[PDB]
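So you can see what is in the structure, the chains are spelled out below.
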Amino acid sequence: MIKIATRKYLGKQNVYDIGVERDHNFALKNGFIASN
Amino acid sequence: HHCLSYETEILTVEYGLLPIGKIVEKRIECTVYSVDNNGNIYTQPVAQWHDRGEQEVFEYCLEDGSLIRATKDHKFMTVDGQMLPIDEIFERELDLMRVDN
């Protein structure tokens, strides 16, 4: 219903994670649910 | 480890949307929104913070213009409640879960 249209490589970047308990997921802007 | 770009915005109770880079770099104590396997939304604290160093990042752009910038192996929830790598959701043309908060 709302597909990922495109994929673009942005190079190597400093990246991050957070962790939560219970279901190990959290909501982003626009309503996506990301894993720990 | 698989991980999200600095600019990826997480919804918090205390501060509204904040970039994960700020949350982790400043180790911000805050409360986020999670979903259980029945689709119930609840709030819970951030329990840990991790800088994962430098990794390959891709930007995925949805039909509605929304963006996900992350490591390609980072998992996201689909409509049917699976947790799958974002690159696989792209390649297999799957439907991301979209919660309205």
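Rules of the game
- Per-chain numbering applies: from 1 upward along each written sequence, possibly unlike the entry's numbering, with residues missing coordinates excluded.
- Here the convention is simple: chains get letters from A, ligands get numbers from 1, in the order in which they are written.
- Side-chain measures here rest on the full set of heavy atoms in the structure, leaving out hydrogens and waters.
- Residues with missing side-chain atoms are left out of burial classes, side-chain pairs and their counts.
- Only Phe, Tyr and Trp rings take part, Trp by its six-membered ring, and two of them pair if their centres are within 6.5 Å. Stacked means planes under 30 degrees apart, edge-to-face means over 60, and tilted covers everything else.
- Helix and strand definitions follow DSSP, with helices as H or I runs of at least four residues and strands as E runs of at least two, each counted in order from the N terminus.
- In this scheme, a residue with accessible area under 20% of its type's maximum is buried, one over 50% is exposed, and one in between is partly exposed, where area comes from a 1.4 Å probe on protein chains only.
- Both a distance and an angle decide whether a charge sits over a ring: NZ of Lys or CZ of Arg must be within 6 Å of the ring centre and within 35 degrees of the ring normal.
- By salt bridge we mean one thing: a side-chain nitrogen of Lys or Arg within 4 Å of a carboxyl oxygen of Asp or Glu.
- As used here, the term nonpolar core means buried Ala, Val, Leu, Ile, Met, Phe, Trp, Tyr and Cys residues forming a set that is joined through side-chain atoms within 4.5 Å.
- Two residues qualify as a contact provided that any one of their heavy atoms is within 4.5 Å of a heavy atom in the partner residue.
- The term buried area means the drop in 1.4 Å probe accessible area that two parts suffer when joined, counted for both and summed.
- For this analysis, a polar contact is any N or O atom pair within 3.5 Å, provided that within protein one partner can donate a hydrogen and the other can accept it, and provided that sequence-adjacent residues contribute only side-chain to side-chain pairs.
- Residue type decides the class: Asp, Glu, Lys and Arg count as charged, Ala, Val, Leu, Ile, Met, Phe, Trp, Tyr, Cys and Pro as nonpolar, and the leftover types, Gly among them, as polar.
- A strand pair is defined by DSSP finding two or more bridges across the two strands.

- Header annotation of the entry names X-ray crystallography as the structure determination method and lists the resolution as 1.500 Å.

Considering the packing of aromatic side chains
Next, step 1: Tallied over the full model, the rule gives four aromatic pairs over all chains.
Next, step 2: Aromatic side chains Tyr16 of chain A and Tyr6 of chain B sit 5.6 Å apart centroid to centroid with 80° between the ring planes, which places their arrangement in the edge-to-face category. Placement of the pair is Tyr16 of chain A in strand 1 (residues 4-19) and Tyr6 of chain B in the loop between strand 1 (4-5) and strand 2 (9-12), with the two residues belonging to separate chains.
Next, step 3: For the ring pair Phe58 of chain B and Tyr60 of chain B, a centre distance of 6.4 Å and an interplane angle of 40° mean the geometry is tilted. Summarising the burial analysis for this pair, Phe58 of chain B and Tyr60 of chain B share the class buried.
Next, step 4: A cation over an aromatic ring shows up here: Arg22 of chain A above the ring of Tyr42 of chain B, its NZ or CZ 3.7 Å from the ring centre.

Thoughts on the pattern of salt bridges
Next, step 1: Summed over all chains, the structure comprises seven salt bridges over all chains.
Next, step 2: In this structure, the salt-bridge partner of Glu7 of chain B is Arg69 of chain B, at a minimum N-O distance of 3.3 Å. Here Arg69 of chain B lies in strand 7 (residues 67-70) and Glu7 of chain B lies in the loop between strand 1 and strand 2, a separation of 62 residues in the sequence.
Next, step 3: Of the charged contacts, one joins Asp64 of chain B and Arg98 of chain B as a salt bridge, the two residues approaching to 2.9 Å between their closest N and O atoms. Residue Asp64 of chain B is located in the loop between strand 6 (48-62) and strand 7, and its partner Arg98 of chain B is located in the segment after helix 2 (86-91); the two are separated by 34 residues in the primary sequence.
Next, step 4: Relative accessible area serves as the criterion here: at 26%, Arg98 of chain B is assigned to the partly exposed category.
Next, step 5: When salt bridges with common partners are traced through the structure, they connect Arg7 of chain A together with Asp87 and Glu91 of chain B into a single cluster.

Re the nonpolar core
Next, step 1: Ranked by size, the top nonpolar core spans 30 residues in total, and within it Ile18 of chain A together with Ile68, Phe76 and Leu96 of chain B carry the most contacts.
Next, step 2: Of all elements in the fold, only strand 1 of chain A together with helix 1 (20-25), strand 6, strand 7 and helix 2 of chain B reach the threshold of two or more residues within this core.
Next, step 3: At four residues, strand 6 of chain B tops the list of elements feeding residues into this core.
Next, step 4: The residues contacting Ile68 of chain B, other than those within four sequence positions of it, are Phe32 of chain A together with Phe58, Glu59, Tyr60, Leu62, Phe76, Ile86 and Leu96 of chain B.
Next, step 5: Membership of the second largest hydrophobic core comes to six residues, among which are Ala27 and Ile33 of chain A together with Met77 and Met97 of chain B.

A closer look at the interface of chain A and chain B
Next, step 1: If you look at the interface, chain A gives 36 residues, while chain B gives 67 residues.
Next, step 2: Taken together, both faces of the contact between chain A and chain B bury some 4,700 Å²; the carbon and sulfur share is 58%.
Next, step 3: Per-residue buried area on chain A facing chain B is highest for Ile4, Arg7 and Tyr16 of chain A; these three make up 18% of the total on that side.
Next, step 4: Between chain A and chain B we count four salt bridges in total.
Next, step 5: Counting every contact that joins chain A to chain B gives 33 residue pairs in polar contact.
Next, step 6: Of all the secondary structure elements, the ones that give two or more residues to the side of chain A that touches chain B are strand 1, strand 2 (25-27) and strand 3 (33-35) of chain A.
Next, step 7: The greatest single-element share of the side of chain A that touches chain B, amounting to 16 residues, is contributed by strand 1 of chain A.
Next, step 8: Of the residues assigned to the side of chain A that touches chain B, the class counts are 16 nonpolar, 11 polar and nine charged.
Next, step 9: Pairing of strand 1 of chain A with strand 6 of chain B, which is carried by 12 bridges, proceeds in the antiparallel orientation.

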